[PDB]
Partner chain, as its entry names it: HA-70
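Before any questions on binding or motion, here is one chain by itself as structure tokens, the form solved without the partner chain.
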């Protein structure tokens, strides 16, 4: 049953910089790659009632969740409090993804670096968030 603005289920995750690049793991990093139609580009979003957040697992590796490391990278790890995400819906299915925890007593968010709107080969990072206007922190969750 729906408890929030973002229903449970499988999604593709995209940056607003590109409608043809898809979030998947590559080695221990997360990046946006060409459409593969595989499970590693499918993400299971689950709402957590107790903390009002979301945990997001990879369909190919259902026991691995989006998390972050001590080096600023978004990672794929086992369940921990680093796997809890607080989305801010800013458009139809465009979100800013904040870590639930304050990091360095700040809001931190998914951040993808761009070189003239090109994000090829860039790793997804966890960087400070100050508002809802940072294009590098805007991501699309598409139900599929």
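Numbering follows the first chain given and starts at 1. Rigid core (definition): largest C-alpha set, two forms, superposition within 1.5 Å. Shifts are known only where both forms have a C-alpha.
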Fill in: Higher-scoring stretch by recorded Cα B factor average, 43-51 or 104-112
43-51
Item to complete: With reference to the PDB entry, specify whether the mean Cα temperature factor is higher for 86-94 or for 64-72.
Response: 86-94
Item to complete: Return the residue from 136, 18, 129, 122 that has the highest Cα B-factor in the entry.
Response: 18
Discussion item. Which third, lowest, middle or highest, does the C-alpha temperature factor of residue 30 belong to within its own chain?
Written reply: lowest
Discussion item. Per the entry's values, where does residue 118 land by CA temperature factor relative to the rest of its chain, in the lowest, middle or highest third?
Written reply: middle
Fill in: residue 99 - which third its CA temperature factor falls in, relative to the rest of the chain
lowest
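Separately, the form deposited with the partner chain bound exists; it is not shown, and the next lines address it.
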Worksheet item: Which residue among 79, 38, 59, 90 has a heavy atom within 4.5 angstroms of the partner chain in the deposited bound form?
Response: 90
Practice prompt. Report yes if any heavy atom of residue 3 sits within 4.5 Å of a heavy atom of the partner chain in the deposited bound form; otherwise report no.
Written response: yes
Worksheet item: According to a 4.5 angstroms non-hydrogen atom cut-off, is residue 84 in contact with the partner chain in the deposited bound form?
Response: no
Worksheet item: Hey, in the deposited bound form, does residue 50 get a heavy atom within 4.5 angstroms of the partner chain?
Response: no
Discussion item. Even though the partner isn't displayed, in the deposited bound form is residue 16 close enough to the partner chain, meaning a heavy atom within 4.5 Å?
Written reply: yes
Discussion item. Superposing the core, which one of 104, 116, 63, 34 shows a C-alpha shift reaching 2 Å or more between this form and the one not shown?
Written reply: 104
Fill in: Segments of at least three residues whose Cα atoms shift by 2 Å or more between this form and the one not shown, after superposing on the rigid core
2-4, 103-105
